Amino acid sequence: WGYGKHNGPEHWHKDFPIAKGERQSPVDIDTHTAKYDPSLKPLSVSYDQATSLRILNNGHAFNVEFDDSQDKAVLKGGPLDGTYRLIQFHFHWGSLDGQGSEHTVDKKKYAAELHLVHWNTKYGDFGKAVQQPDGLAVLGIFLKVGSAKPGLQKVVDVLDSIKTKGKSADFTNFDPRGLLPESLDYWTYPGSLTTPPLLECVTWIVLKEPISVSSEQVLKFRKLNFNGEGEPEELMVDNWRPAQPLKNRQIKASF
Ligand SMILES: [Zn+2]
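Residues numbered from 1 in each chain as written, not as in the entry; some residues may be left out. Heavy atoms only, no water.

- The PDB entry annotates the protein chain as Carbonic anhydrase 2 originating from Homo sapiens.
- This structure appears in the PDB under the title "Human carbonic anhydrase II with bound IrCp* complex (cofactor 8) to generate an artificial transfer hydrogenase (ATHase)".
- In the Subunit (literature references left out) part of its UniProt record, the protein chain is described as follows: "Interacts with SLC4A4. Interaction with SLC4A7 regulates SLC4A7 transporter activity. Interacts with SLC26A6 isoform 4 (via C-terminus cytoplasmic domain)." (UniProt positions renumbered as here; feature names shortened; annotations may be inferred.)

1. Considerations on the coordination of the zinc ion
Four donors placed tetrahedrally around a metal ideally meet at 109.5 degrees, and six donors placed octahedrally ideally meet at 90 or 180 degrees.
Then, in step 1: Bound to the zinc ion are the protein donor atoms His-90 (NE2), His-92 (NE2) and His-115 (ND1), situated 2.0 Å from the metal.
Then, in step 2: Taken in sequence order, the residues that donate to the zinc ion follow the motif H-x1-H-x22-H.
Then, in step 3: Take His-90: its relative accessible area is 11%, and that puts it in the buried class.
Then, in step 4: Judged by its relative accessible area of 3%, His-92 falls in the buried class. (Donors = N, O, S within 2.8 Å, 3.2 Å for Na, K, Ca; no water. Buried < 20%, exposed > 50% of the residue type's maximum accessible area, 1.4 Å probe, protein only.)

2. Re the environment of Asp-134
Then, in step 1: Locating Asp-134 in the fold gives a position in the loop between helix 1 (126-129) and strand 10 (136-145).
Then, in step 2: Separated by 73 residues in the primary sequence, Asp-134 and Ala-61 have C-alpha atoms spaced 24 Å apart.
Then, in step 3: A polar contact of 2.5 Å, which involves the side chain of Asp-134, links it to the side chain of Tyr-123. (Helix = DSSP H or I, 4+ residues; strand = E, 2+ residues; numbered from the N terminus. Polar contact = N/O pair within 3.5 Å; in protein donor to acceptor, adjacent residues only side chain to side chain.)

What follows is the structure, encoded as structure tokens:
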């Protein structure tokens, strides 16, 4: 699978029939239809002990991986019951600044979207957690092109070293607090992984406030390659799934 005309999102259902399921992601967030939910408990992003390990080009994005062998960086509160551990983050982005996000807001596409992936510790490991409807919590943060994000530049500066599929580099001591906007106001809905295997195991938490990154920062994302070393060059751009039917779901606002 991939994002090309021959292997992209419109093909995924043949190998992953859940692609046409009842709780697929991403979705369009209609700001007028989302309802404030006063019952949402406060959201808790506890990243002060986060331990990053490595950055990897997996052929569809780059992932920054964390040590999740104890409760260091965790997400709690909001719509969540219990404790979700940070395991990785990655982005989705466009070939052009007018596209790249997976979620949309009143059909507005952002230049990119950050996904901070967490798993429910009650299931003991990530592989078990993805088999549960409440297994994962993904924090989604929109990127718009404007002012540079200083907390992103350490990621930007290592991308030259992982240009092609299967390349990795040590990425210790990275603080994911520097990727957050000021406000933690969010929307939330039940959904899925946005890449195969498209498992319906995600509580999505999408922040309303985007972060600003510079044109030069997102230009460097678009210099990555989908391909392996020594294969024909395919720029890693437009690695986003389009919005999926909402079906029988309600998007809740924290604000
Ligand atoms: Zn993602």
